[PDB]
Amino acid sequence: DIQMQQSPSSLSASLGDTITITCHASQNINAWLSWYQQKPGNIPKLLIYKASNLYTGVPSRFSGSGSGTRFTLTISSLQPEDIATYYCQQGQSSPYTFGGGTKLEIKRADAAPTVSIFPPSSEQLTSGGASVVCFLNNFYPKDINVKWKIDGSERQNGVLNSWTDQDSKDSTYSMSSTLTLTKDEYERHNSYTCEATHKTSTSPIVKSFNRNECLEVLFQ
Amino acid sequence: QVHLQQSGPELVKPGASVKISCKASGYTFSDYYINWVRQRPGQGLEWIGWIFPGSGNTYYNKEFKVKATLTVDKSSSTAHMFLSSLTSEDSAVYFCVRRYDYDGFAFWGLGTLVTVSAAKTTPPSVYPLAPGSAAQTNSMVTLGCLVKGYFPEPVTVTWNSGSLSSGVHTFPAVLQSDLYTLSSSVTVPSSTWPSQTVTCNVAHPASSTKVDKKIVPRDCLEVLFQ
Amino acid sequence: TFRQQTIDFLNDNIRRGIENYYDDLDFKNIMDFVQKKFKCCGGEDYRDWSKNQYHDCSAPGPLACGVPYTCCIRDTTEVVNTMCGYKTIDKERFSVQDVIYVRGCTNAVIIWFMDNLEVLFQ
């Protein structure tokens, strides 16, 4: 019957700044409360126990306090590695309940993707398919758009997309696009093109290769 | 050395049952409680219930009382969670935790991933990703691996058996035609490549298949020869 | 078995009394006095109070999963708080050893009975 509510549904603020999360209880829980941190792609670690005390190994910039109904966890001199999702629970009366989960994003400077494009290997072509892979690493902000062109015509079918959240150190997002065809439909065409838009530079970022790109260098 | 090791990831057809096992070490097993917490893939943490080994007492969250049952075997120094009448929602990660000498949850298990699915165990296929003839002076070069056709999650991914830590991006897989596909990249200085080799290591626990893929520079003559 | 059968006897009798804690003035006052004296609570530990219908950790009321106030650190200049023991059983000893006595009463009673027998004879 004791439900927890976390205030910042999604909160992003810049480095070096001091941020604060609130955790409100439905009923008086005195001092029985805990805070945890979950770095992305990781298991949760304990952050604060019993409202005030800090668990061993936590850097001193984290602090927490509050009274019965409402609690606050505050981070001063924010660091990039603190990008994570943060949770609170109560323990006074069973059953124990958790909080809604609050996402923490860093606000950093405009970087630009370091794009790389990759042709299907002979190992994949042996299995009957061909996937052209496209990586967009270390870019900020999160908003970006990637599209595929086969011989100058945009293919909007068969694309598969993956987005990561802000890396712990460097504060930048990264993205991947795979395009999968049959080798029939791969070697029937030549120039494969991968294009990206991300606000920072008005001219979009595009990479490619022609299936005869090999012929260019050697002139075999 | 207070540690909790859980079961390997499990795959079960809908409506079946699972037994997750949690072995504890470093402390007197019977003296401390064991809590269980379930995280559905895209949501936060959710509280199953608690069990105290020395007495065998149990408390459940109302939602899971029907679907789960908690047990302990003191001789094994192990706790178990048995889930039954599984639903397509029940696919989730399950943690067993032992709390600190003070209130907080100090020691978390790594997690056991239970996938409720009809689809069968499909081992992956690992393909290298090395660039063709293109602009090479961009400071560092980037290489990668693709892991396609694996089921079910998860896949453990490493680079050079752990040597490459910085600049490594492991992207989370996505489900396609009831099959998963994943990709990873590493950015290393150009001078090192290809003097210092680059290898990706893929582990699939369900198929019990670990494959090491070496990335090779594209041999343009093999392209003409093939 | 000697000691062991004695522990079995004591644990069985005090669990029986706990299950009927609120029907027995004799046992109620006996248990209250023993706990306040030996700074103890229950048999193996205070968790035993979970087998009383009112203090079971799945009970409806507020006495659920708590421990009667005679298990709190009574040797303070403070007045009696009846609710001092509530909601302490689900939590592990060291959380609440500052708030209530956690050791069981069986062992403390028996060790006292042993070490103070020199005066009991003659």
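We count from 1, first residue shown onward.
Quick reminder: no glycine exception, Cβ is built from N, Cα and C everywhere.
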> Going by Swiss-Prot, which one of C:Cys40, C:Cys41, C:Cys105 is joined to C:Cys71 by a disulfide bond?
Replying inline: C:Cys41
>> Check for me: which candidate out of C:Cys57, C:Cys84 does Swiss-Prot give as the disulfide partner of C:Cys72?
In response: C:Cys84
> Within 10 Å of C:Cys105 (disulfide bond), Cα to Cα, which of the recorded positions C:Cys41, C:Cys57, C:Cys65, C:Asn116 are there?
Replying inline: C:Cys41
>> Here's one to test understanding: among the recorded positions C:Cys65, C:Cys72, C:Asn116, whose C-alpha is closest in space to the C-alpha of C:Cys40 (disulfide bond)?
In response: C:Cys72
>> In whole Å, how far does the CA atom of C:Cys84 (disulfide bond) lie from that of C:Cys71 (disulfide bond)?
In response: 9
>> Checking interface proximity: list the disulfide-bonded residues among C:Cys41, C:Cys72, C:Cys84, C:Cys105 whose CB sits under 8 Å from a chain B CB, in sequence order.
In response: none
>> DSSP-wise, what's the residue breakdown of the expression tag (C:117-122) into helix, strand and coil?
In response: 0 helix, 0 strand, 6 coil
> Which of these disulfide-bonded residues, C:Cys40, C:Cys65, C:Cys84, are close to chain A by Cβ (under 8 Å)?
Replying inline: C:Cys65
>> Please give me the disulfide-bonded residues out of C:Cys41, C:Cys57, C:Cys65 that lie within 10 Å of C:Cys72 (disulfide bond), comparing Cα atoms only.
In response: C:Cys41
> Three states by DSSP: which one describes C:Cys71 (disulfide bond)?
Replying inline: helix
